[PDB]
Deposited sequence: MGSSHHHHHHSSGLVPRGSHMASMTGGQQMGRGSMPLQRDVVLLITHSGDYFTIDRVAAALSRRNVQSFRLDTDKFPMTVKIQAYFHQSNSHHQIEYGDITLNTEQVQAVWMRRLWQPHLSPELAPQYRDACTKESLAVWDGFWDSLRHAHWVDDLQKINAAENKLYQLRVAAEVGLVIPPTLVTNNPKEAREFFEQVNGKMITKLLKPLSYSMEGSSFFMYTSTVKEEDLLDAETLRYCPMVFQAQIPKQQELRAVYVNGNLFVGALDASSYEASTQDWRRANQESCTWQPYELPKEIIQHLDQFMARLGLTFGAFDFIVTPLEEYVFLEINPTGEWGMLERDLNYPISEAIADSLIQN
C-alpha cells in the first residue's frame, strides 16, 4: 500500500521491447511488475473485493502478489486474450473467455489512479480511423481525400475522380504468431493515392519523435529521419486531443515536402526502430511512465 510499482501489461511471448523498458525502469531504481495477460485465467489470479465504501484488488502472477494500490503507472503494451486450455469443453470456452474479459474490465477501474501510458478507453477511441482523419485535419495535418462506402457504384465513380490513382484500405485490418489475408469482398474505404517521396513510421513518446523512413520514391531497411518542428507541433496537438502519450504514425512525404497523415496505431510496434537505428525509445517510454 504505496505507489512505486510500474505495472507492465503485455503477453508471455513478448520480448525485447518489454525487456528493454523493464531494464530502463530499474535503472531509475523504480520497481516494475510484468503481467502476462495471456497467462490469465489459468496462471494469473484476480481478486476484486467490494464492500460499501471499501474496495480491495490484487493480482498474483509468478508467485508475486501485487495490490493495485501499489501501482503508480501502467504501461499498456499488449492486451492478449485468455488462453483457456487445449481441449476443454467448447460450451465452456466462450462463456469463460467472455467472462475473463469482463474481469479485466473491472480490474482497470481499480487502477484509475495510476498514470496510464495509455488509457485503454483513449486507445480504443483512437483506433477509430475515421475519427483519426477528422482530428488530423482539425490540427492542420494533410489527409488524403477518402471516401467511405458500401455502394460499389460510388467507389467506381470516386475512382473516376482520382483518375485511377486510388487505393483500397481495411478499416480494422489484419494485425489484430503471423497473419495475412485479403478482403476483396468488403471494400468500404477508398483513398486517393498520394505522390510519395518517402514513407515514414514516426514513433511518438510524450513529445519525442523517433522516425524511420522506408523510402519508396518488421519490414526491411529503415533509414534515419528527422521531422521538422512544425510537423512535431501538429503531432503534439493531435496526441493531446486523442489523450495519448504514445503512438506510432504512418506518414507519406510528398515531393513538395508535404507530410500526409495516413493513420496512427496507438499500440503499434516500435522495437524495429530502436533495433536498426538505435533510437532510445525504451528510455523515452520508461521516463514517461514515472513522470505521471
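> What are the C-alpha gaps when you align the coordinates back onto the deposited sequence?
Missing C-alpha atoms (numbering from 1) occur across the ranges 1-36, 213-230, 272-285.
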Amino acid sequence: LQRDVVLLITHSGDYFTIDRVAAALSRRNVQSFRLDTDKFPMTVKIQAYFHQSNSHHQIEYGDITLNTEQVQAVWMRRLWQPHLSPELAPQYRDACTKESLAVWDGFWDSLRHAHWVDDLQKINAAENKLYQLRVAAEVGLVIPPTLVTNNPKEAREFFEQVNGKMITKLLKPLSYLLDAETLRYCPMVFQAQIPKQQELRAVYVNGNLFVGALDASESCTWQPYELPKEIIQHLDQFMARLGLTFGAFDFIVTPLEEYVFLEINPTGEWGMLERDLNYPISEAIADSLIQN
From here on, numbers count along this sequence of modelled residues.
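> Comparing 232-240 with 28-36, which stretch shows the greater average C-alpha B-factor in the deposited entry?
Comparing 232-240 with 28-36, the higher average CA B-factor belongs to 28-36.
> Look over 100-108 and 119-127 in the entry and identify the one with the greater average Cα temperature factor.
Taking the mean B-factor of the alpha carbons in each, 100-108 is higher.
> When the CA B-factors of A202, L88, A137, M76 are compared as recorded in the entry, which is the largest?
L88 has the highest C-alpha B-factor of those listed.
> Based on what the PDB entry reports, which of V189, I143, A114, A216 has the top C-alpha B-factor?
In the PDB entry, the greatest C-alpha B-factor among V189, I143, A114, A216 is found at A216.
> Taking the chain's C-alpha temperature factors as the reference, tell me which third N151 falls into: lowest, middle or highest.
Top third by C-alpha B-factor.
> Hey, what third does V6 fall into on Cα B-factor, ranked over its chain?
For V6, the deposited C-alpha B-factor lands in the middle third.
> Is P41 in the lowest, middle or highest third of its chain when residues are ranked by C-alpha B-factor?
Its C-alpha B-factor, which the entry lists for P41, ranks in the middle third among residues of this chain.
> In terms of the CA temperature factor given in the entry, to which third of its chain does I59 belong: lowest, middle or highest?
As the PDB entry reports it, the C-alpha B-factor of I59 lands in the middle third of its chain.
> Could you tell me which third, lowest, middle or highest, the C-alpha B-factor of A180 occupies within its chain?
Top third by C-alpha B-factor.
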